[PDB]
Every structure is written in C-alpha cells, then in structure tokens.
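Visitor:
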Amino acid sequence: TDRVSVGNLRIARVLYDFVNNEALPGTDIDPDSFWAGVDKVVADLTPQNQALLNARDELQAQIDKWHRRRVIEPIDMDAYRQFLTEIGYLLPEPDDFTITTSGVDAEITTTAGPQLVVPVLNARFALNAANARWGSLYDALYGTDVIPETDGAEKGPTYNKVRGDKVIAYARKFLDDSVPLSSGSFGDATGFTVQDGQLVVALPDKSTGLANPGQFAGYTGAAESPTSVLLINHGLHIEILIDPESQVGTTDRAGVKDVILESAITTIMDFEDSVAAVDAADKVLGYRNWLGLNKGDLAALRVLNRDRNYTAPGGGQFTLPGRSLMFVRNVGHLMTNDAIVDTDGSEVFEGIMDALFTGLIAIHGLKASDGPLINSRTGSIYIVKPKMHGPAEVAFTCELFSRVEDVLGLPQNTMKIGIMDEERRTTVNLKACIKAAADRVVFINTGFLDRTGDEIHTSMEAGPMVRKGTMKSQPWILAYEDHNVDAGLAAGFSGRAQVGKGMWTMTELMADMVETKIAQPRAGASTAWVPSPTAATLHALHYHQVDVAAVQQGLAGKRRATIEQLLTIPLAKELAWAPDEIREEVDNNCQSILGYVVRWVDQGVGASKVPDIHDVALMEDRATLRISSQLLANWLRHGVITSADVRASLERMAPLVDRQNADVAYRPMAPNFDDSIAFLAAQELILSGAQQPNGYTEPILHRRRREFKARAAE
Ligand SMILES: O=C(O)C(=O)CC(=O)c1ccccc1
Ligand SMILES: [Mg+2]
Ligand SMILES: [Mg+2]
Ligand SMILES: [Mg+2]
Numbered sequence: 002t003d004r005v006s007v008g009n010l011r012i013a014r015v016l017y018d019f020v021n022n023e024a025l026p027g028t029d030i031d032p033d034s035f036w037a038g039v040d041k042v043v044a045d046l047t048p049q050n051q052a053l054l055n056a057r058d059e060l061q062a063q064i065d066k067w068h069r070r071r072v073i074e075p076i077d078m079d080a081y082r083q084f085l086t087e088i089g090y091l092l093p094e095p096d097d098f099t100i101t102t103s104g105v106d107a108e109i110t111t112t113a114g115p116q117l118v119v120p121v122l123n124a125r126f127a128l129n130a131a132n133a134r135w136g137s138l139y140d141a142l143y144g145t146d147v148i149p150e151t152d153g154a155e156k157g158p159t160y161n162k163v164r165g166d167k168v169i170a171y172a173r174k175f176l177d178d179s180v181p182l183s184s185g186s187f188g189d190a191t192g193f194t195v196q197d198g199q200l201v202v203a204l205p206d207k208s209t210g211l212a213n214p215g216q217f218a219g220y221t222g223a224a225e226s227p228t229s230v231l232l233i234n235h236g237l238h239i240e241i242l243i244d245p246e247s248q249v250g251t252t253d254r255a256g257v258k259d260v261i262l263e264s265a266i267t268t269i270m271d272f273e274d275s276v277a278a279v280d281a282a283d284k285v286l287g288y289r290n291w292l293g294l295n296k297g298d299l300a301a311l312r313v314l315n316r317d318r319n320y321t322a323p324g325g326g327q328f329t330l331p332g333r334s335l336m337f338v339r340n341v342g343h344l345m346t347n348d349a350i351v352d353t354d355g356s357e358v359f360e361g362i363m364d365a366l367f368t369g370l371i372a373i374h375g376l377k378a379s380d383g384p385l386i387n388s389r390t391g392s393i394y395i396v397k398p399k400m401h402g403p404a405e406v407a408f409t410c411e412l413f414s415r416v417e418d419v420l421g422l423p424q425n426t427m428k429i430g431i432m433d434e435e436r437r438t439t440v441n442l443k444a445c446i447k448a449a450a451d452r453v454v455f456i457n458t459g460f461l462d463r464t465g466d467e468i469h470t471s472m473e474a475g476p477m478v479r480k481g482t483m484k485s486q487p488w489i490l491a492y493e494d495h496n497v498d499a500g501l502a503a504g505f506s507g508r509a510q511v512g513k514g515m516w517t518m519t520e521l522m523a524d525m526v527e528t529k530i531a532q533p534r535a536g537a538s539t540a541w542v543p544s545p546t547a548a549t550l551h552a553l554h555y556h557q558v559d560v561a562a563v564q565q566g567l568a569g570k571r572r573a574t575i576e577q578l579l580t581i582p583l584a585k586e587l588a589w590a591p592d593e594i595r596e597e598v599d600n601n602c603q604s605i606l607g608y609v610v611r612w613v614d615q616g617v618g619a620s621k622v623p624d625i626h627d628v629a630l631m632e633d634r635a636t637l638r639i640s641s642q643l644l645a646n647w648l649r650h651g652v653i654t655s656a657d658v659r660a661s662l663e664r665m666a667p668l669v670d671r672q673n674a676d677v678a679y680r681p682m683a684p685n686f687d688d689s690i691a692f693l694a695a696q697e698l699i700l701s702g703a704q705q706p707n708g709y710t711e712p713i714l715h716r717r718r719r720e721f722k723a724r725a726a727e
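All the letters of the sequence shown, read from the start, carry residue numbers 2 to 301, 311 to 380, 383 to 674, 676 to 727 under UniProt numbering.
Here it is in structure tokens:
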C-alpha cells in the first residue's frame, strides 16, 4: 500500500525515503529518533490545531448571525465592537513591551531593502532568486518599460544605442542622487581612481571626491585604474563596473559597463500560496529544492553564487554575501495532506509536517556546503508562518517550533518566525500576536491580498462589498497598513526586526512600480515584496531615495489608526453601479479565476501571469484567487448578480483563457464545460465560496487537483 508504519503514522514511501536518504544524512540526527519525534509531535499537537480551526468556524458563525440579525441601516460601530469583545474575537491590548529575539542576521535587523518571494517547486526560479542579492541596473532598465519605448528608443532583436544611452543617463542621475559628488555630476565623469584610500572622480576640467567620503566602500583591481568601485548608501551597496573594452563601456564617457545594485536582500522560498503541492510526490519535489538550496548544490549548469571579493578603501581585503538570505514560507494551520495518514486513514496537518521537514532541511544551511555555510551565520532558521488568526494561533506556532527544535536537537528559539498580518483577527489583536512570539519574531508583513479576502469573508453577511479595484483605497486597508507599522515600531522593531509590506503584482508595469512602490519605504516599511529579480533591482532604487531608518525614528510613538477605522466594513452604497460596471467586474473576476485555476488544477502551477480584462499581466497566486472568488460569492449572496450571470461569464471567459494558453500540456476547457475538472473547480470556488472556511481556496483546489491526477493516472 506504498506506506511506512511509524507508531500511529503511515508515511508515503517517497517521503520516508527522501527524509532518510537525503534530508537526514549530515545533520547527525538519528533516523529512528527523528521519526519517533514526528509521531510524538503529531499526536500531541493535532488536538490543539483542530480546536483552533473549530474556534475560527464558531466565531464566523456568530458574526454571520449577528449581521443577519441587523435591522439597521448604518452599522452601529459601538455595538459591533462590544459584540466582538464579548465573543472573544477582540482581545484586550497587552502593556507596552520590546521584542527579545536574538541571533538574527544583519539583513533582517538592520538592512532596509527588497524581499523576493518565489515558488520553491521551480528550481530555476529558486536559483535566480537566491542569486538576486546582486542585480544589473542596466539590464533592469533596458529590459523593462522604465525606459519608455518612444520613437527611437524601442527594443529590437539587436542592441539599440539610443535606448542604451537613456539607460546610461538614468543610472548617472541615480548615482548623483544617491552618492553625490563634492562638485559636478557623474554624467560628466571620465574616470575613477583610488588615491590615499579616497575615491577620486575625474571630470573634464577638474577632479572631485564624494560629498560624503564614507560612501566609498571599496573597489576591485588596481587602485590607479579600478575594475570596479563599490559604494554604499542607506546600507545598500552599489557597484560601478569599469570596463572600456566592453560594447557598452566603449560608448561610455568613463568606460562604465554597468551599475550593479544590492537588490533582493532576503528571499522567501515559498511552500504556500505560489505552489500547488497536493500529495507526497509534490511535497518531496519542494523539499528537495529547499534541501539543494541549503546544501548549496541545487543546480539547473546554473548554480548558487559565491561571496564577492573587494579591496577596502585602505587596501586590505573583505567579502560581501553573494546570495540572498533565505526564509522558507511554510503552509498555515488549515490543511491536511495525505503524505502522512494516521491508522484511521485521517490525513496529518500540513503545517505540523512543514515545521518538521523544512526545519530539518534548514539545518544544512547552518553548516559548510560543497565551501562556506550557505545561509545564517548567526545560527537562526527563518520560517514565515502565514494565515494565522489571532494570538492563540501565534502561541501554537511557537509551541510547535519549540517541540520541533527538541526533535531536531537544536537550541530553543533557533526557529524564527516571520508573522504575516493577513487575517482580520490578527490585525485587530496585532500587539498580542507579536507578544506571543516576542522571542522568535523576525518580521511582520501586511499580506494585503489575503487580508482583503478575509475582510470580504468575515463580513460576507453584512451586504454587497465594493468592487475589487476600490478595495486598495478603502478606510479599513489604509488603517490596517498604518496600524501594522505602528505596532511593529512600538514593539521595538527598529534595529531588531523587519516591518514589511506587500507584493507588486503588475509584472510588466515597471515604470508604474518605480513611480508608485516608493510609498512603502516612505511609510516606514524596512522591506516590501517583489515578484522577480528584475523587480528587486528596480525596487532597490526606492531604498536609496528614502532613508527608512530616519522615517521609522520619526514615526516613533504615533498611533495613527483606531480600532473603529480597522473595523470599517467595505460595504458598497445603494445604487453604486450601472449594468456595464457590474458586467465588467464579473467578467474580470471570472477571467482572473479561470486563468489561474486552469493552470493550478491541470498542470500543478501555483503562480501564473494572467492578463486581466484590461490586458494587464498580473502575477496570480491563491490570495488573488481568494479575493476574486469571495467578491463574486458576496455579490451572488446579496443579489447584485444572478447564478445565470456567473455561469454565462465563466462560459464566455473560458474560450479566452483557452486562447491565451494554447501551449503543449494544456487541455482546453470549452466547449465540454461539465467534463473539465478545471472549469468545475473555478465554478465551485464561486458557488461554494460563502461556505469555504474563512473563504480559503485550498480545500477545493487540492480536491480538484487530486481528482485531475487520478483521471490522468487511469
Ligand atoms: O498578500 C498576500 O496575502 C501575500 O501572502 C502575497 C503573496 O503571497 C503573493 C506571492 C506571489 C505572487 C503574488 C502574491
Ligand atoms: Mg452559514
Ligand atoms: Mg498571503
Ligand atoms: Mg540619505
């Protein structure tokens, strides 16, 4: 029956073999003790994990009933707040405290910069992400719409010199703004030299040094004519590559070939929202990539970068990390996976399993590769825990990590937690959530997409919600973002932990990203999420413009969001929409859902670029699916749309998704809709949306992907 018996557990053979043959060797952990530890942790923690999921369902049923029992008209906020407090949703705020987390890397406690999130099941993307610590500014500007494709500056099959000159000019202006010269502009530089340990820049008429000579961090090659100059601004490195022999350098006034930016400071290897892993075979593929990353031998030959060698201004030698500091995002408390079943045939909680397996694998990252150890030099394992609801759930994750550390023979508190603030019950009790993880917390981050999905589901019974596009400007979300920064700064996060903000999803709109995303470090966020190594390089420009440490100091002690603002439900006003607007929102949500779901169910791809109704390429994950499906479920629940409208929109958008795809492994949905597991999954997400726990998409997606693989097997 392809399973291995260990106590009360029945382990899929592929997982048992992977752990024994690949994960355990080199950790000095006894295989028999590891497996007995897995059995004991699962048996001991499964009841509290179930109790917490039951408490979520109970609180939601109480809120749903409360909204149906409203006669009013404008919601009575005082009565709503009193009700949430009585049911235990809204808990008392604890007294002021400071976090005690220790042994954390400088990339987290001090450096403000981009954070890249990548699906761990894609080895090529995981490799590029780990390597994205250093990225080419010239490649990021040339290859994207940051430099407009106006008449003359368009991209073609070959290098366009007019476009190349615009890239060079943009980078020279970046240098002037970031590392200013004492006199003149970098645009007029003819050369660079290191004289008496000082950077000397040659201008046509004179020579100049830096306005702040401390911004000179080092160089490569000879001091008289360096091969590169290393600068530092706001704790982020900038490297000017000097090579007059190169095609670009030949055309350049100072022979500059490229400007390299320290870009993705940290990377999150994702096992959650951006991947589709429904059984042991899928989990092993992910665990094996995570293992290859920690051992430093993952290779696609594309391999992991080594540290970078530099000469200090004075002449001595030093090194800088060549790779992004890695976190792993485990799944949350909800799902079970049949990778492990108990004697009764009951599936084991996936979050428990992820803590054991990703934690075990992370041990390899704390020791010498095959040279130096890949990841944490300070001895920490960085785990992001998503979708937690309130401080009892955070307390549970901390107990699970403590129990895992005991099984792995690791010091207590080795396993650090990146808290996602992406559920309403966490937002409203944020201070108590940080306190419950006070000795393990390394970040708080506003996962705004899941947070929007939770906002829709929680108040599902209150009335029809505003359009998806209107959500970003609603009072609740603006208060949520500010409250997050306030709670983190009040808990002493400055100099100790990251205060993070969300994902930019418009992958092709890089000019818009460079214009807009600056709002996040201006709001005191020490990091924000980016979808690609190119977006990391461009978002790094924002941290050179904004002094995040100064912004945070200025925000100290402010309380900019009240509990009433956090609780403002995003209900639409009566008569808000004309028929064309309703139809556009329905079609847009159906296209987004079908586009994403078809690749999830039929191909096991958890993150896809899906063009929306306005032909804008959007990076879709489970969280964007949670919003779209919950919004349509909400509109169907309150009579904004009929069941005939939903079906007709799904059938209309299905051939358009089929066209956008084929591909090669692609199976079209139209015309035999009822024979398409992917189409039926999309339909179920909408029609059963109101009945999914907290509006989560995994139960349906996992069930439908498992059904697709079964049909393909027979
Ligand atoms: O906002 C949220 O809930 C995050 O958890 C976002 C997220 O996972 C993501 C990852 C890759 C692509 C698009 C969104
Ligand atoms: Mg109900
Ligand atoms: Mg999320
Ligand atoms: Mg400054």
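All C-beta atoms, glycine included, are put in the ideal place defined by N, C-alpha and C.
#1: Mark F98 as exposed unless 16 or more other C-beta atoms lie within 10 angstroms of its C-beta, in which case mark it buried.
#2: Any chance the CB of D178 is under 7 Å from a heavy atom of ligand 4?
#3: Should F328 be labelled buried (16 or more other beta-carbon atoms within 10 Å of its own) or exposed?
#4: Going by DSSP, name the residue or residues bridged to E405.
#5: I need the straight-line Cα distance from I699 to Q642, nearest angstrom please.
#6: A349 lies in the beta strand (DSSP E); which residues open and close that run?
#7: Report the three-state DSSP secondary structure of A573 (helix, strand or coil).
#8: Within the continuous beta strand (DSSP E) that includes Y17, where are the two ends?
#9: For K296, does the count of other Cβ atoms within 10 angstroms reach 16, so buried, or fall short, so exposed?
#10: With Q704 as the anchor, note down where its alpha helix (DSSP H) starts and where it stops.
#11: Quick one: which unbroken beta strand (DSSP E) runs of 3-plus residues sit fully inside the region 543-574? Chain order, please.
#12: Between which two residues does the alpha helix (DSSP H) carrying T464 extend?
#13: Determine whether the beta carbon atoms of residue 1 and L299 lie at a separation below 8 Å.
#14: Verify whether the separation of the beta carbon atoms of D624 and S640 is less than 8 Å.
#15: Residues bridged to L10 by DSSP?
#16: Which residues end up in the neighbourhood of ligand 3 when you take C-beta atoms closer than 5 Å to any of its heavy atoms?
#17: Considering only the alpha carbon of each residue, which of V202, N55, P48 lies closest to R254?
#18: Mind the definition here: the region 423-436 touches the region 64-83 only if three or more C-beta pairs lie below 8 Å; say whether that holds.
#19: Tell me the residue span of the beta strand (DSSP E) that contains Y220.
#20: Just checking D65 against ligand 2 - is the residue's beta carbon closer than 7 Å to any of the ligand's heavy atoms?
#21: Could you give the distance in angstroms between the alpha-carbon of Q577 and the alpha-carbon of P487?
#22: Does the region 609-628 touch the region 277-296, meaning 3 or more C-beta pairs lie closer than 8 Å?
#23: Using 7 Å as the cut-off, classify the Cβ of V617 as near or not near the heavy atoms of ligand 1, replying yes or no.
#24: Should the region 428-436 be regarded as contacting the region 80-88, the criterion being three or more beta carbon pairs within less than 8 Å?
#25: What are the boundary residues of the beta strand (DSSP E) that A80 is part of?
#26: Alpha carbons only, please: which of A523, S538, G512, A562 is nearest the one belonging to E150?
#27: Taking 7 Å as the cut-off, is the beta-carbon of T539 closer than that to any non-hydrogen atom of ligand 1?
#28: Could you tell me whether the Cβ atoms of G375 and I30 are closer together than 8 Å?
#29: Measuring only the C-alpha atoms, how far is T470 from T580?
#30: Distance, Cα to Cα, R125 vs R312?
#31: What residues in its chain sit with their C-beta under 7 Å from that of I148, if we drop five residues either side in the sequence?
#32: Considering only residues of the same chain and omitting the five flanking positions on each side of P706, which have a CB-CB separation below 8 Å?
Guide: So, from the listed chains and residues:
#1: Taking the first residue of the sequence shown as 1, we reach residue 98 at position 97. Burial call: exposed.
#2: One-based indexing of the sequence shown puts residue 178 at position 177. For ligand 4, not one heavy atom lies less than 7 Å from the Cβ of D178.
#3: Taking the sequence shown and counting its residues from 1, the one referred to as residue 328 is at position 318. Classification of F328: exposed, given that the 10 Å Cβ count is below 16.
#4: Numbered from its first residue, the sequence shown carries residue 405 at position 393. According to DSSP, which records beta bridges pairwise, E405 is partnered with nothing at all.
#5: Here the question's residue 699 lines up with position 686 in the sequence shown. Here the question's residue 642 lines up with position 630 in the sequence shown. So the two alpha carbons sit approximately 7 Å from each other.
#6: Taking the first residue of the sequence shown as position 1, residue 349 is located at position 339. Segment 346-352, the beta strand (DSSP E) holding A349.
#7: Counting from 1 along the sequence shown, the entry for residue 573 is found at position 561. Three-state result, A573: coil.
#8: Walking along the sequence shown from the start, residue 17 turns up at place 16. Where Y17 is concerned, there is no enclosing beta strand (DSSP E), although the alpha helix (DSSP H) it sits in stretches over 14-19.
#9: The sequence position of residue 296 within the sequence shown is 295, counting from 1. With 16 or more Cβ atoms within 10 Å of its Cβ, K296 is classed as buried.
#10: As a first step, residue 704 must be located in the sequence shown, where it is residue number 691. Where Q704 is concerned, there is no enclosing alpha helix (DSSP H), given that its DSSP letter is neither H nor E.
#11: none
#12: Residue mapping note: residue 464 aligns to position 452 of the sequence shown, counting from 1. Unbroken alpha helix (DSSP H) run through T464: 460-470.
#13: Absent from the structure is residue 1, since the part of the chain shown begins at 2 and ends at 727.
#14: Indexing the sequence shown from 1 puts residue 624 at position 612. Indexing the sequence shown from 1 puts residue 640 at position 628. Taking 8 Å as the Cβ cut-off, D624 and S640 do not qualify as a contacting pair.
#15: Along the sequence shown, one-based indexing puts residue 10 at 9. According to DSSP, which records beta bridges pairwise, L10 is partnered with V7, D352.
#16: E434, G459, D462, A635
#17: The residue you call residue 254 lines up with position 253 of the sequence shown. Nearest of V202, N55, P48 to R254, Cα basis: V202.
#18: no
#19: For the purposes of this step, residue 220 is identified with residue 219 of the sequence shown, where counting begins at 1. Counting along the chain, the beta strand (DSSP E) containing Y220 begins and ends at 217-221.
#20: Counted from its first residue, the sequence shown places residue 65 at position 64. Checking the Cβ of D65 against ligand 2 gives yes.
#21: Here residue 577 refers to the residue found at position 565 of the sequence shown. Here residue 487 refers to the residue found at position 475 of the sequence shown. Approximately 6 Å, taken between the alpha carbons.
#22: yes
#23: Sequence index remark: in the sequence shown, residue 617 carries index 605 (1-based). Checking the Cβ of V617 against ligand 1 gives no.
#24: no
#25: The residue you call residue 80 lines up with position 79 of the sequence shown. Counting along the chain, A80 falls outside any beta strand (DSSP E), though it belongs to the alpha helix (DSSP H) covering 78-87.
#26: Position 149 of the sequence shown, counting from 1, holds the residue named residue 150. Here the closest residue by C-alpha is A523.
#27: On the sequence shown, position 527 is the one that residue 539 refers to. No; taking the cut-off as 7 Å, the Cβ of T539 has no heavy atom of ligand 1 nearer than that.
#28: As a first step, residue 375 is located in the sequence shown; it is residue number 365 there, counting from the start. As a first step, residue 30 is located in the sequence shown; it is residue number 29 there, counting from the start. No, Cβ-Cβ distance for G375 and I30 is not below 8 Å.
#29: Numbered from its first residue, the sequence shown carries residue 470 at position 458. Numbered from its first residue, the sequence shown carries residue 580 at position 568. Going by the C-alpha atoms only, they are around 12 Å apart.
#30: Against the sequence shown, residue 125 aligns to sequence position 124. Against the sequence shown, residue 312 aligns to sequence position 302. If I take the Cα positions, the gap works out to 8 Å.
#31: The sequence position of residue 148 within the sequence shown is 147, counting from 1. Only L142, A154, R164, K167, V168, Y171 meet the Cβ criterion.
#32: Mapped onto the sequence shown, residue 706 falls at position 693. For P706, where only same-chain residues beyond five positions count, the Cβ hits under 8 Å are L54, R57, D58, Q61, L344, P712.
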